[PDB]
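To begin, one chain is listed below as C-alpha cells, in the form deposited in one PDB entry.
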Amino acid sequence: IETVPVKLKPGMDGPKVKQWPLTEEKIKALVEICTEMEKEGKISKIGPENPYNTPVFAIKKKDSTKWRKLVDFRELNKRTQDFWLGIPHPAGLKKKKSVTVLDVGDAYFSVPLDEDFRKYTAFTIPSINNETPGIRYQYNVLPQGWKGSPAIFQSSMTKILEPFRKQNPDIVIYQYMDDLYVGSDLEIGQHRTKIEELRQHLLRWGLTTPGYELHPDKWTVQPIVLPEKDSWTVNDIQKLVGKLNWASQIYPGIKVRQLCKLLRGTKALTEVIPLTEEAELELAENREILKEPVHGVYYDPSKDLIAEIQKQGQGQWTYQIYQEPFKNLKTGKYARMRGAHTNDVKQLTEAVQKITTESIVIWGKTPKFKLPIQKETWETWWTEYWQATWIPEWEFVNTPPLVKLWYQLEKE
C-alpha cells in the first residue's frame, strides 16, 4: 500500500529511553525474532546517526511456548500527534454477557510506516556483560504497541469486519491497540463458533488471529460491610469508629456520636461494653447507608482515570477506580491465582492486568496505577510475568494505613 504522513506533537522530539538489561533467555529469543523480521523487511538495522531509543523485551503468551516481542512505546505514544480520526467507544460490551479478546498485532505489519517517522521507532537489543555494542533496528512498517498503528489501520479494519458487523449486528466489537474485544450474549457454545468463525474471517485476509472468556455482567462494585458481633469490647468499638469516621468522607450521613460516647472513660480494651439503644439505632443507620455506592459519581472522559491497589495479605488485594478521591466509579477485590504461592510481584502484575482490561471494557481507556511497591523491585521483574500488548502508566507509593483497613471491609 502507501503510507499517510505522521508527526510528533509540535516541539517534542524522539524518545531516547534506556534499554533495561534483559536475561539471556530473552535476549537470544529477541535476536532470533528480529533477524527473521529483518529478512521480511519489517525492520532494518540503523546507524549511530540515529540517537533515539525505546525499550523492548520478550514475553511468552498464555497457553503458548513461543516468545513474543514486546516494545514500550509509552513515551513515543505520549509524543505522537493525537489523530483527530479516533476510535468510538461503545457501551454495550460493558453490559454484555461474555467477551473475548483477539490479538491482531500481525495485521499492523502489512502496512508500512512513513519514512520520515521510522527513525523514531529505533530500539536496541542489548548484549550480555556489555560484551558487544547493541544491535539496533527501526521499523519499516506499522509497529505493534503504537497508538498510531490501530489508527492508520482503522479504515482497512472497518471494511474487513463490516461483512460480520452487517451479518451479525447483534454482536459487539471494540478495538484498542493490538487488541480486539468481542462480546455476545450467546452461550459459550454458539459463541465460540462465532468467534472462531470471525477468527477465520480474518485469517481469510491473512493476519493469523488466534478458560479464555470474560463476563462483564458480574463486576461493577461492592458495599462496605461492617462487623456484627454478639458482645462488643472497647477495642471492637474503637476500630469500628475509626473506620466510619473515615468512611464519612464517602458518606457524610455516617454518624459516629452515639458510639463514641460509650468510649468515654479510660477502660481496658478487653472490657466488654453494652450498646446503647441510641447507639444501636445509629449503627443501624450507617449499615443502611453503606449498603449502596455513594450518589453523584459520573465518569468524565476529559480527565484521566486512576487506579489504586492495596495489598491485603493472604494473596488478597483490593482496588478502586476513580478520577477524584472518595468518589470511586468501581472497586473490587482480587484473589491470587494458584501458582503465585510465594510471589507478590506475580500477583500484583496479574491484578494490574485485569483491572486495566476491565477499564478498557467499561470505558475503553487505560488507567494510571498507584502501585504499593518499590520502583526497583517492580522494574526488575514485572516483565517476567507480564502478558499484554499494552503498558499502562504507573507510579509507586506508600499505602496509607486507613484506606486498607477500610476496603478490607468489602463484601466477602
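We call the rigid core the largest set of C-alpha positions that still match within 1.5 Å between the two forms. Counting begins at 1, following the sequence as shown.
### Entries skipping residue 354: at least a third of other ones
In all of the other entries, residue 354 has coordinates.
### Query
Do a third or more of the other compared PDB entries fail to give coordinates for residue 63?
In at least a third of the comparable entries (those modelling both sides of it), residue 63 has no coordinates.
#### Entry: Between neighbours residue 211 and residue 210, residues that the deposited sequence lists but the model omits
Per the record, 10 or more deposited residues are absent between residue 210 and residue 211.
### Query
Per the PDB record, is the mean Cα temperature factor higher over 130-138 or over 273-281?
For C-alpha atoms only, the mean B-factor is higher in 273-281.
### Task
Select between 156-164 and 74-82 the stretch whose C-alpha atoms have the higher average B-factor in the entry.
Between 74-82 and 156-164, it is 156-164 that shows the higher mean C-alpha B-factor.
### Query
Of 311, 267, 204, 119, which one's C-alpha B factor is largest in the deposited record?
In this record, 204 carries the highest C-alpha B-factor of the candidates.
### Message
If I read the C-alpha B-factors straight from the PDB entry, which of 243, 333, 291, 330 is highest?
### Response
If I rank 243, 333, 291, 330 by C-alpha B-factor, first place goes to 291.
### Query
Of the three thirds of its chain by CA temperature factor, lowest, middle or highest, which one includes residue 44?
Lowest third.
### Task
Could you look up the Cα B-factor of residue 402 in the entry and say which third of the chain it sits in: lowest, middle or highest?
Answer is highest: the recorded C-alpha B-factor places it there.
### Message
Considering every modelled residue of the chain and its Cα B-factor in the PDB entry, is residue 370 in the lowest, middle or highest third?
### Response
According to the entry, residue 370 has a C-alpha B-factor in the chain's lowest third.
### Task
Using the B-factor values recorded in the entry, state whether the Cα atom of residue 61 falls in the lowest, middle or highest third among the modelled residues of its chain.
Top third by C-alpha B-factor.
### Task
Would you mind ranking residue 317 by its C-alpha B-factor against the rest of the chain and naming the third, lowest, middle or highest?
Its C-alpha B-factor, which the entry lists for residue 317, ranks in the lowest third among residues of this chain.
From this point on, the text means the form deposited in another entry, which you will not see here.
### Query
Any idea which of 125, 195, 289, 305 has its C-alpha shifted 2 Å or more between this form and the one not shown with the rigid core fixed?
Single residue meeting the criterion: 289.
#### Entry: Core-superposed comparison between this form and the one not shown, residue 163 Cα displacement 2 Å or beyond
No: residue 163 shifts by under 2 Å between this form and the one not shown.
### Query
After the core is overlaid between this form and the one not shown, has the C-alpha of residue 95 moved by 2 angstroms or more?
No, because once the rigid core is superposed, the C-alpha of residue 95 moves less than 2 Å between this form and the one not shown.
### Task
Using a superposition on the rigid core, decide whether the Cα position of residue 279 changes by 2 angstroms or more between this form and the one not shown.
Comparing the forms between this form and the one not shown, which are aligned on their rigid core, residue 279 does shift its C-alpha by 2 Å or more.
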